[PDB]
């Protein structure tokens, strides 16, 4: 099955998932000098006050913080989006060292990690139907650099010991994702895909320009997770990122001048 290693990683995914070579794959490099300001783009409306987190899961690839998406409790709208997109989960991608880990790059710069807040378009009723649509998903991407600690991340860091291996989960109620945002909501946007199999081309990507800072100790704890299950040889969960893919016939738009 797919993963991030030499024999099952991104260079192999196309065999089982031929859309890996498709026309709107993610991530991409954001070439900042050619991303054109679009004055018709609206401010992003992130409404997370009523978010209800439920659980955190090590799925063998990353960890997902899952939300109650049976009502419009945490939603993303505005920006490039038409309608309303409901938060279902967030997760991260990160590196073995601070100089890599992000999926998107900015003028070829790799950040230490990247946070993805995943939302589905409520006009399709359920996530499974949304991922059959070219405008089914909106993913808010936020870069992480290593510096000062992010206070709102520490509750995540501290539960990771309890979900070390694939298939382990823990209660994770009352987590406020507002604590993971940067100050500015300036963004770049483009049409793309999921960055892991099944690589479905359903995503409006919204990538924030301002990184959040996390401490070295915080990211070091991400790197103590395991890809393997309990009682299997230890494979540290590091370098769970897909490299940049060809931009093809797409334009990245900037929300800011």
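Between two forms, the rigid core is defined as the largest C-alpha subset superposing within 1.5 Å. Numbering follows the first chain given and starts at 1.
For the pair 37-45 and 212-220, rigid core superposition yields a higher RMS C-alpha distance in 4 other deposited structures of this protein in 37-45. Between 6-14 and 238-246, the higher mean Cα B-factor belongs to 6-14.
Judged by mean Cα B factor in the deposited record, 78-86 ranks above the other of 182-190 and 78-86. Per the deposited coordinates, the residue with the largest Cα temperature factor out of 202, 57, 212, 54 is 54. Comparing the listed residues 102, 96, 121, 71, the entry records the largest Cα B-factor for 71. Per the deposited record, the Cα B-factor of residue 91 falls in the lowest third when ranked against the other modelled residues of its chain. Among all modelled residues in this chain, the alpha-carbon of residue 149 has a temperature factor (C-alpha) in the highest third.
Among the modelled residues of its chain, residue 143 has a C-alpha B-factor that falls in the lowest third according to the deposited record.
For residue 198, the recorded CA B-factor ranks within the middle third of the chain. Only modelled residues enter the ranking. In the deposited entry, the Cα temperature factor of residue 128 places it in the highest third of its chain's modelled residues.
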